[PDB]
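A.B. asks: Have a look at this one.
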Amino acid sequence: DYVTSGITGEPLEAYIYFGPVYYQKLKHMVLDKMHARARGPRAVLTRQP
Amino acid sequence: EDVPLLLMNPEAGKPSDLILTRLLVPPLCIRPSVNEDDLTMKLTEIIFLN
(Lines give C-alpha, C1' and ligand atoms only; values in the text may rest on other atoms or scores of the structure.)
Protein backbone atom coordinates (compact mmCIF):
# COMPACT_ATOMS: atom_id res chain seq x y z
CA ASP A 1 0.00 0.00 0.00
CA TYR A 2 0.89 3.66 -0.45
CA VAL A 3 1.90 4.73 3.05
CA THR A 4 2.34 8.24 4.45
CA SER A 5 4.75 8.98 7.29
CA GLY A 6 3.04 10.04 10.48
CA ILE A 7 6.07 11.99 11.69
CA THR A 8 6.83 14.14 8.66
CA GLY A 9 3.58 13.92 6.67
CA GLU A 10 5.56 13.20 3.48
CA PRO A 11 4.95 9.82 1.79
CA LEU A 12 7.25 6.84 2.16
CA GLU A 13 9.25 5.75 -0.87
CA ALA A 14 8.73 2.01 -0.54
CA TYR A 15 5.28 0.47 -0.49
CA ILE A 16 4.57 -1.21 2.85
CA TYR A 17 2.93 -4.64 3.23
CA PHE A 18 -0.30 -4.32 5.27
CA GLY A 19 -2.56 -7.01 6.67
CA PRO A 20 -4.09 -8.88 9.58
CA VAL A 21 -1.79 -11.42 11.22
CA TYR A 22 -2.93 -13.59 14.11
CA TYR A 23 -0.86 -12.74 17.19
CA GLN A 24 -0.92 -14.67 20.45
CA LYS A 25 0.15 -13.31 23.83
CA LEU A 26 2.52 -15.53 25.77
CA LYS A 27 2.50 -16.10 29.55
CA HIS A 28 6.00 -14.60 30.02
CA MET A 29 5.51 -11.10 31.43
CA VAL A 30 8.22 -8.79 32.79
CA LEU A 31 6.16 -7.92 35.90
CA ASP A 32 6.39 -11.56 37.02
CA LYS A 33 10.15 -11.63 36.30
CA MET A 34 11.77 -8.42 37.58
CA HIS A 35 13.85 -9.21 40.65
CA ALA A 36 16.31 -7.40 42.89
CA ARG A 37 18.10 -8.19 46.16
CA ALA A 38 20.07 -5.70 48.26
CA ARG A 39 20.60 -7.84 51.33
CA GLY A 40 18.17 -10.33 52.72
CA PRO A 41 17.55 -13.77 54.17
CA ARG A 42 20.27 -16.39 54.17
CA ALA A 43 20.49 -20.16 54.33
CA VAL A 44 21.16 -21.74 57.71
CA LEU A 45 23.96 -24.15 56.76
CA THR A 46 25.98 -21.88 54.47
CA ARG A 47 25.40 -18.27 55.50
CA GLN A 48 25.00 -17.14 51.88
CA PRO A 49 21.85 -15.98 50.03
CA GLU B 1 62.95 -43.47 63.00
CA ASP B 2 60.99 -45.48 60.41
CA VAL B 3 57.87 -43.27 60.36
CA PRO B 4 59.39 -40.70 57.88
CA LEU B 5 60.03 -43.51 55.38
CA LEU B 6 56.28 -44.22 55.28
CA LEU B 7 56.07 -40.60 53.92
CA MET B 8 53.97 -39.60 56.94
CA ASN B 9 55.05 -36.22 58.27
CA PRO B 10 55.66 -36.96 61.98
CA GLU B 11 54.42 -33.51 63.09
CA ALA B 12 51.09 -33.77 61.25
CA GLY B 13 50.25 -37.32 62.33
CA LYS B 14 51.29 -40.81 63.35
CA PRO B 15 50.38 -44.29 62.06
CA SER B 16 48.51 -44.78 65.38
CA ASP B 17 46.06 -42.00 64.48
CA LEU B 18 44.69 -43.74 61.33
CA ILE B 19 42.51 -46.26 63.28
CA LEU B 20 40.07 -44.21 65.42
CA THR B 21 38.92 -45.22 68.95
CA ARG B 22 37.30 -41.75 69.32
CA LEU B 23 35.18 -39.50 67.06
CA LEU B 24 34.40 -35.79 67.10
CA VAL B 25 30.81 -34.68 66.64
CA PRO B 26 30.47 -31.37 64.78
CA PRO B 27 28.92 -28.20 66.24
CA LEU B 28 25.17 -27.72 65.80
CA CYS B 29 25.59 -24.93 63.22
CA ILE B 30 27.22 -27.48 60.87
CA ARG B 31 23.92 -29.41 60.89
CA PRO B 32 20.94 -27.11 61.54
CA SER B 33 17.90 -28.18 63.57
CA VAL B 34 15.40 -28.01 60.65
CA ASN B 35 13.10 -30.65 57.14
CA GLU B 36 13.66 -32.97 60.22
CA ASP B 37 17.46 -33.40 60.80
CA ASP B 38 18.79 -36.93 60.03
CA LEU B 39 22.57 -36.21 60.39
CA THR B 40 22.02 -36.27 64.18
CA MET B 41 20.24 -39.65 63.71
CA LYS B 42 23.37 -41.06 61.96
CA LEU B 43 25.43 -40.03 65.05
CA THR B 44 22.68 -41.50 67.30
CA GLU B 45 22.97 -44.87 65.45
CA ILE B 46 26.75 -44.94 66.20
CA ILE B 47 26.02 -44.08 69.90
CA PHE B 48 23.29 -46.79 70.01
CA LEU B 49 25.67 -49.42 68.51
CA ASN B 50 28.43 -48.59 71.06
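Residues are named by chain letter and number: chains run A, B, ... in the order of the C-alpha coordinates, numbers start at 1 in each chain, and ligands are numbered from 1 in the order shown.
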Compile the residues of chain A that lie within 12 Å of chain B, evaluated using only C-alpha atoms, and express the compilation as a PDB file with N, CA and C atoms, in the first residue's frame.
C.D. replies:
ATOM      1  N   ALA A  43      20.601 -18.769  53.947  1.00  0.00           N
ATOM      2  CA  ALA A  43      20.492 -20.163  54.334  1.00  0.00           C
ATOM      3  C   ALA A  43      21.133 -20.399  55.699  1.00  0.00           C
ATOM      4  N   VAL A  44      20.713 -21.481  56.349  1.00  0.00           N
ATOM      5  CA  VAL A  44      21.163 -21.738  57.710  1.00  0.00           C
ATOM      6  C   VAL A  44      22.510 -22.448  57.714  1.00  0.00           C
ATOM      7  N   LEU A  45      22.719 -23.379  56.781  1.00  0.00           N
ATOM      8  CA  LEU A  45      23.955 -24.154  56.761  1.00  0.00           C
ATOM      9  C   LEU A  45      25.122 -23.317  56.254  1.00  0.00           C
ATOM     10  N   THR A  46      25.029 -22.841  55.021  1.00  0.00           N
ATOM     11  CA  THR A  46      25.975 -21.885  54.470  1.00  0.00           C
ATOM     12  C   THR A  46      25.338 -20.513  54.562  1.00  0.00           C
ATOM     13  N   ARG A  47      25.996 -19.575  55.241  1.00  0.00           N
ATOM     14  CA  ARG A  47      25.398 -18.266  55.500  1.00  0.00           C
ATOM     15  C   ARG A  47      25.507 -17.350  54.278  1.00  0.00           C
TER      16      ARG A  47
END
A.B. asks: I want to know what sits within 10 Å of residue 14 (chain A), based on only C-alpha atoms, with residues of the same chain fewer than 3 positions away left out; could you give that as a PyMOL selection string?
C.D. replies: chain A and resi 1-3+11+17
A.B. asks: What does the distance between CA of residue 48 (chain B) and CA of residue 24 (chain B) come to in Å, to one decimal place?
C.D. replies: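 Atom-to-atom, CA of residue 48 (chain B) and CA of residue 24 (chain B) are spaced 15.9 Å apart.
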A.B. asks: Run DSSP on the backbone and give me the residues of chain B it puts in alpha helix (DSSP H), as a PyMOL selection string.
C.D. replies: chain B and resi 39-49
A.B. asks: I'd like the contact shell of region 18-23 of chain B - 12 Å cut-off, only C-alpha atoms, skipping same-chain residues fewer than 5 positions apart - returned as a ChimeraX atom specification.
C.D. replies: /B:8,12-13,43,46-47,50
